[PDB]
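This report refers to the structure that appears directly beneath it.
The chains referred to below are lettered A, B, ... by the order of the sequence lines, with proteins before strands, and numbering in each begins at 1.
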There are 4 protein chains.
Amino acid sequence: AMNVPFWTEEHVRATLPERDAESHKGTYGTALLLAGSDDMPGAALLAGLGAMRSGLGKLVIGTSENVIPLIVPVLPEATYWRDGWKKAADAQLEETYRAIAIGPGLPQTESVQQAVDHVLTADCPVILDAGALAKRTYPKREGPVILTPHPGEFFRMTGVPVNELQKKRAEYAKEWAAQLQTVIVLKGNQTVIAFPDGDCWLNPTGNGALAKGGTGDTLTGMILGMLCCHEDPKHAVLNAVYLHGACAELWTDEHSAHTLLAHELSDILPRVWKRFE
Amino acid sequence: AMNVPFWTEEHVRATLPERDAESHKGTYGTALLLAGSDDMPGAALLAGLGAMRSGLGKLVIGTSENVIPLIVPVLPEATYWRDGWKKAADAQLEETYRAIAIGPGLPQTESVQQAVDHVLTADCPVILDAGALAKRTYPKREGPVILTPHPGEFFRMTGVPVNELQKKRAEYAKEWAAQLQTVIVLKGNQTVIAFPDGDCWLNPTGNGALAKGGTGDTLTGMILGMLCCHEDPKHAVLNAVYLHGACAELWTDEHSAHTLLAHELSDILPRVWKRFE
Amino acid sequence: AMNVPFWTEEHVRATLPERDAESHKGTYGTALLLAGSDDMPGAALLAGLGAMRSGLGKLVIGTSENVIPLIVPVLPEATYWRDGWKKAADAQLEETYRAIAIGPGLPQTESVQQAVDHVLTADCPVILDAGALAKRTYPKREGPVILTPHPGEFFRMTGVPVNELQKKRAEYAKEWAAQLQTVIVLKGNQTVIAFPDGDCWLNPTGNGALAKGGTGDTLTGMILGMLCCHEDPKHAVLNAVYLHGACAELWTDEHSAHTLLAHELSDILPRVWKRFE
Amino acid sequence: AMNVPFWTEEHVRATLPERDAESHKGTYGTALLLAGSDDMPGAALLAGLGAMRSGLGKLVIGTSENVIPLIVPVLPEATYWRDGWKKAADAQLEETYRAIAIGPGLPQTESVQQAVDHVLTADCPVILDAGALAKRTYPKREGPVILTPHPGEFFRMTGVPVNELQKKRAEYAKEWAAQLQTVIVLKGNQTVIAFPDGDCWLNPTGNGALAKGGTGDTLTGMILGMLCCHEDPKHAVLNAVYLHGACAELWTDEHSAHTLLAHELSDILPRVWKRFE
Ligand SMILES: NC(=O)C1=CN([C@@H]2O[C@H](COP(=O)(O)OP(=O)(O)OC[C@H]3O[C@@H](n4cnc5c(N)ncnc54)[C@H](O)[C@@H]3O)[C@@H](O)[C@H]2O)[C@@H](O)CC1
Ligand SMILES: NC(=O)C1=CN([C@@H]2O[C@H](COP(=O)(O)OP(=O)(O)OC[C@H]3O[C@@H](n4cnc5c(N)ncnc54)[C@H](O)[C@@H]3O)[C@@H](O)[C@H]2O)[C@@H](O)CC1
Ligand SMILES: NC(=O)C1=CN([C@@H]2O[C@H](COP(=O)(O)OP(=O)(O)OC[C@H]3O[C@@H](n4cnc5c(N)ncnc54)[C@H](O)[C@@H]3O)[C@@H](O)[C@H]2O)[C@@H](O)CC1
Ligand SMILES: NC(=O)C1=CN([C@@H]2O[C@H](COP(=O)(O)OP(=O)(O)OC[C@H]3O[C@@H](n4cnc5c(N)ncnc54)[C@H](O)[C@@H]3O)[C@@H](O)[C@H]2O)[C@@H](O)CC1
Ligand SMILES: Nc1ncnc2c1ncn2[C@@H]1O[C@H](COP(=O)(O)O)[C@@H](O)[C@H]1O
Ligand SMILES: Nc1ncnc2c1ncn2[C@@H]1O[C@H](COP(=O)(O)O)[C@@H](O)[C@H]1O
Ligand SMILES: Nc1ncnc2c1ncn2[C@@H]1O[C@H](COP(=O)(O)O)[C@@H](O)[C@H]1O
Ligand SMILES: Nc1ncnc2c1ncn2[C@@H]1O[C@H](COP(=O)(O)O)[C@@H](O)[C@H]1O
Ligand SMILES: [Mg+2]
Ligand SMILES: [Mg+2]
Ligand SMILES: [Mg+2]
Ligand SMILES: [Mg+2]
């Protein structure tokens, strides 16, 4: 009904960054990921791999003590802020980060919202997903706030029932991005990327291989990394959603859509990303 | 002697499900796996990988605290019900699952049977394997009960000695599926899939590469996942047994039958499944 | 000086076993591996992978509590006898095994020799390696005892200095196999396989890619598995040593000899073994 | 301005060692790596893999108790000196090593400098990286001391600000190698390898795929291993830096430069090294 344009291959090619010969890890920044809890530890690994695969310089993972050891053998490149997501509830961050994500595998609690409020006082883009998504408002700040709800989380945020939401996805996503003054990545087939300045796009990539636990955790990480290597954070969000879906399309060329595991999207991204360079 | 028909490539092709563009993980359900104990932890990873590879939406693994960390780095997509198989002995499940499996790597104890009795009060298909297999009867309930004995476990269930069983496999499997009113997947070369309504099939795939620890644990998981994406639970069971054996046949094209490890069946399934689409 | 014959490709092809369609894991037996200690845990994983890759039915790993979790994510198919190598020092094994190995990554202590003495009362082939190798004698028993010393361990066993040993390898290996009434696999370039009945062979495969920590741990496991699927335990030993070296030769076709890691021999064996079928 | 020559493909080919048929792990020595701490554990795995991939015989990793289990499943070939880097602060090493590295993932503390002072009393080449880099002087000793600073660490060592350093990299690196009487590998695009005898080279390989956490940790390990298989420790340093960068160039043929993870350099080295033989 709205004619929201697709973010196309041509837009991706035109906007993906270079990685210059004269750069070091500091050029691409240090990200922070606040993710993973004792009965949902895997979401931290998924998002971690997503982020380190996606062109950042360094990654600090703020997760519980019990989760740390489960990440290290698979993602040895990350370092840790021990019990970081709980510690973020107590004070403003003393360290400076290029971008921050919070929520995958975190309980949807008031302590998590406190950590959200502290993270928002930093001057960098911030992603809120999963356990960090709630019905709330957002303080005026410099850097973008990026919310990544699936339709269930959108219902939690807005009170718009899922059955109604799904009939008018882009209309609701635009309306709430504007009201909240946040980016909203409203997930699903034809994911909507709605910006608080009124720009809105649809994502043309992805398939049912993504309809399985963990794929959104991986996406949150991909957005986190891309925010560190793109000059324009809009392009980071758009390219992460696009390339995330493109990795699922590569998988289905020679593998059944029923059989993808989320972490494999990260394994596939190196070759898919190269295609768009 | 009986002319039990084979479930053939043509039957598999005709019955494997689609994964629609307009679906999400909830479309394919949340399964529960109750598996893994302190000296047999690996069976939980094997069955977990089997299940997540096999087209479910989400997987919760109910296993002991000591087993959880051993699964997460390999299968980060699963979440946990901490000490779940022990907790299931104490009360009906409060959560709703699309399908449930119990038994791989569990001790063959009365506490495990209590957990079985509680799981059976849910309205979903239930698989019982390994430590959950015992001589018993089953309450009338809506969803199918699927027993996956090898010949030793069948002897434990029925008192039919293995030497006698193996002379008349389909006859015994049919007789006991009918008596018990359960599906029986009687494993071995030419696995028998006997339904309590009298339908019975033989499986034509598989080889001696499967004659090694863990392959039945992986199968239980494959059945669990397929029950979540097939509309007809009969087809889920049949296709899981078939594709399980087909992965062993792919392996032996270029690898010795002596050298397969069970977890690799799960790694092979993506490409094998695609062949049948 | 002696004309000890090489165990050749033709001997390997003539002696490798079939894996029949009508077999199950019990056909190929349950092996026991007593290996791994707190500061040398990896040797248990190396030998475990070697063994499960090499055609056994099941593998029980008797290792310390702290080592168990380090094996499970990589080799989920093994089960455990918790603190098994220490417990073996206290009594004869109550369980029956198709073959047993002891020593990789175990401290060279009197407690380990006690565990050796208990294992020797079983009726199955037994391999002694590494920490289980000492200067001693062996009781008359039914099954073969297989010692796998490198030249340093041979010096420890016999008092023959390494410099002298290495001038007359097959002569010393034969002499001591006869004296001890054990098989001796005297490792090195042109490994000597000396039988206590006077048969003796040289191994023609392998290269300097093997000259790195862990490769002998992997070999001990390969011998353990092959003893379970070969009818003649002589052929098991000969084929394990041969195929172990052949995997290093495959590696060097496209990879530098400086860069092999022991666990990769196990990864390579599936395709190498197939070549000899 | 200086015409520092590049260490070229031809120099690498002329200087890489053979791995003779008549060698064993002892021929290539035992290295010691003192690396990894509770919130930076991964650096020990990265450097460990680097080292074992790079032609040593054995590797002992001296790291904290909590780090050990995180390494073993990925690098089972290493053994451990439990809490080794802390224990090295208390006394001269009783064991003899072919080469030693210290610092990746270690806190930059006085206790680490004490461990440095003890390691320096050994007669072998010693690498100091990361947490072991400080403003200090070095005792006259037989074996080379090899410092591997990035420009930030060089500033910490010398007081030369990074902005000034980067205008005259080889001039500063030569000056300080001479003053300190240490090798300095001054990292960055066109890494400078400055020897205390006045030889100096530039490295022509590498790209922005390396501009991400962990790649320097992997390099320290590669240098450690190469010091064990090269007769001339100068060639070890030069070839490690060259081949490290070459692995990043192989990656970018078919993968985006944004997406490399440090541990993958180690995975790539087997095939890259073979190219130069
Ligand atoms: N491996 C892990 O550690 C995992 C952790 N996860 C975490 O589990 C927590 C809960 O998130 P979940 O998303 O699993 O569960 P939720 O219960 O929050 O949301 C799922 C529900 O949202 C609705 N929904 C979602 N997508 C929809 C669509 N396209 N159309 C219509 N309705 C839709 C449905 O009502 C569905 O039942 C989060 O913290 C998440 O990060 C999940 O990602 C699963 C994997
Ligand atoms: N990695 C792990 O954690 C593993 C766990 N496992 C668990 O170990 C427990 C015991 O199960 P097992 O099956 O190992 O041992 P069992 O002792 O229960 O059954 C094996 C016996 O059954 C008979 N049998 C099985 N298949 C046969 C056939 N085709 N023909 C004739 N006789 C046959 C034989 O008597 C054989 O000795 C289960 O909980 C199982 O899930 C096993 O799957 C081994 C791997
Ligand atoms: N990843 C792990 O957990 C590892 C554990 N390992 C364990 O470490 C223990 C000690 O065994 P090691 O072999 O490392 O050390 P040892 O000190 O027992 O033996 C090595 C010595 O034997 C001699 N030697 C060996 N091969 C020779 C040859 N071809 N020619 C001449 N001399 C030769 C040399 O004197 C050499 O220094 C064992 O329990 C072993 O299983 C080792 O395999 C290293 C890897
Ligand atoms: N996975 C892990 O366990 C990791 C551990 N690491 C450890 O973290 C510790 C701190 O080392 P880091 O290097 O991360 O952080 P540092 O804060 O010590 O050094 C980074 C700073 O040095 C400067 N710098 C570095 N390279 C430069 C170049 N080419 N041009 C200009 N300026 C440059 C910049 O000021 C930059 O902010 C070390 O012990 C290191 O081994 C890091 O390697 C990150 C990964
Ligand atoms: N059928 C589908 N087609 C395209 N994308 C999908 C489909 N199912 C799920 N996804 C994507 O998978 C992710 C699910 O996120 P989450 O539910 O948070 O794990 C989102 O990026 C979705 O847009
Ligand atoms: N020789 C064989 N041919 C075909 N399938 C086999 C063979 N040996 C074992 N299997 C299969 O491997 C699995 C063994 O299950 P379990 O004993 O529970 O681990 C079952 O699915 C068997 O049907
Ligand atoms: N240069 C070489 N050529 C052939 N085999 C080797 C060589 N170096 C080591 N090996 C083999 O590697 C293993 C070393 O055993 P160990 O020292 O116990 O780890 C043995 O099987 C040796 O025969
Ligand atoms: N843009 C680049 N080109 C070449 N090498 C690089 C580049 N960025 C980083 N490196 C290398 O990556 C490593 C970084 O080390 P560190 O900062 O200690 O992790 C060094 O070996 C650098 O020389
Ligand atoms: Mg989500
Ligand atoms: Mg079973
Ligand atoms: Mg050895
Ligand atoms: Mg560094």
Side-chain angles (χ1 to χ4, degrees), chain B residues 42 208-215 251 255-264, chain C residues 12 15-20 23-36 43-63 71 74-79 97-104 124-129 143-144 146 148 183 185 193 214-247 262-274 276-277, chain D residues 76:
Chain B
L210 299 173
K212 193 178 299 170
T215 59
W251 175 257
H255 312 85
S256 174
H258 294 288
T259 71
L260 180 63
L261 297 172
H263 66 94
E264 296 173 312
Chain C
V12 175
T15 58
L16 287 167
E18 293 214 352
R19 215 173 175 84
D20 200 63
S23 62
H24 62 105
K25 61 187 189 296
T27 308
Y28 304 102
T30 303
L32 179 66
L33 174 60
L34 298 181
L45 175 52
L46 291 173
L49 282 159
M52 294 209 82
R53 281 291 190 201
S54 293
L56 53 66
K58 288 200 288 181
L59 178 65
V60 178
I61 297 179
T63 192
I71 298 166
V74 178
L75 185 67
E77 297 78 16
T79 67
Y97 295 100
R98 174 84 47 100
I100 303 181
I102 184 167
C124 58
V126 170
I127 303 152
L128 308 183
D129 189 24
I146 299 148
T148 64
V183 182
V185 179
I193 307 89
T215 59
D217 306 317
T218 298
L219 176 62
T220 293
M222 290 177 63
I223 303 170
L224 180 60
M226 284 183 200
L227 285 168
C228 298
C229 58
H230 290 69
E231 191 182 351
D232 187 337
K234 295 187 172 183
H235 300 161
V237 173
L238 294 157
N239 287 339
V241 177
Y242 187 104
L243 288 174
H244 177 261
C247 291
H263 66 94
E264 296 173 312
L265 297 160
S266 297
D267 286 346
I268 290 163
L269 185 58
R271 283 172 176 280
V272 168
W273 192 324
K274 178 69 184 182
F276 293 86
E277 295 179 333

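Here the closest non-hydrogen pair linking C/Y28 and C/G55 is CB-O, 3.5 Å. The heavy-atom pair separating C/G48 from C/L33 by the smallest distance is N-CD2, 3.4 Å. In plain terms, the two heavy atoms of C/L46 and C/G214 that are nearest each other are CD1-CA, 3.5 Å. Here the closest non-hydrogen pair linking B/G213 and B/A262 is O-CB, 4.0 Å. Here the closest non-hydrogen pair linking C/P104 and C/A43 is C-CB, 3.7 Å. Closest approach of C/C229 and C/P17 over heavy atoms only: O-CB, 3.2 Å.
Put simply, the side chain of C/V241 reaches to within 4.5 Å of the side chain of C/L219, judged on heavy atoms. Considering only heavy atoms from C-beta on, C/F276 stays 4.5 Å or farther from B/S256 through its side chain. In this structure, C/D20 and C/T27 have side chains that are not in contact, with every pair of non-hydrogen atoms separated by 4.5 Å or more. Residues C/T15 and C/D232 fail the side-chain proximity criterion, which asks for heavy atoms closer than 4.5 Å.
Considering only residues two or more places apart in sequence or on other chains, C/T148 meets the side chain to side chain donor-acceptor pair (under 3.5 Å) condition with C/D129. The salt bridge (charged side-chain N to carboxylate O under 4.0 Å, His left out) search around C/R19 returns none, not counting sequence neighbours.
Atoms CG and CE, from C/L265 and C/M222 in turn, are 7.5 Å apart once rounded to the nearest 0.5 Å. If you take CD1 on C/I146 and OG1 on C/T220, they are separated by 10.0 Å, rounding to the nearest 0.5 Å. In this structure, the separation between OG1 on C/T79 and CD1 on C/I61 is 8.0 Å, given to the nearest 0.5 Å. In this structure, C/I71 CD1 and C/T63 OG1 are separated by 5.5 Å, a value rounded to the nearest 0.5 Å. Here the CG-CG distance, from C/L224 to C/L34, works out to 9.5 Å after rounding to the nearest 0.5 Å. For the atom pair CG (C/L45) and OG1 (C/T218), the distance works out to 8.5 Å, reported to the nearest 0.5 Å.
Between the B/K212 side chain and the B/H258 main chain, a donor and an acceptor come within less than 3.5 Å of each other. Not a single donor-acceptor pair under 3.5 Å links the side chain of C/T30 to the backbone N or O of C/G26. Side chain of C/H244 to backbone of C/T215: a donor-acceptor contact under 3.5 angstrom is found. A distance-only check finds a donor-acceptor pair linking the side chain of C/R53 to the backbone of B/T259 [under 3.5 Å]. For the pair C/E77 (side chain) and B/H263 (backbone), a donor-acceptor distance under 3.5 Å is present.
Using a 30° and 60° split on the angle between ring planes, C/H230 and C/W273 fall in the tilted class, from 30° to 60°.
Enclosure of atom CD in C/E18 is not indicated, since only 12 or fewer non-hydrogen atoms of other residues, nucleotides or ligands lie within 6.0 angstrom.
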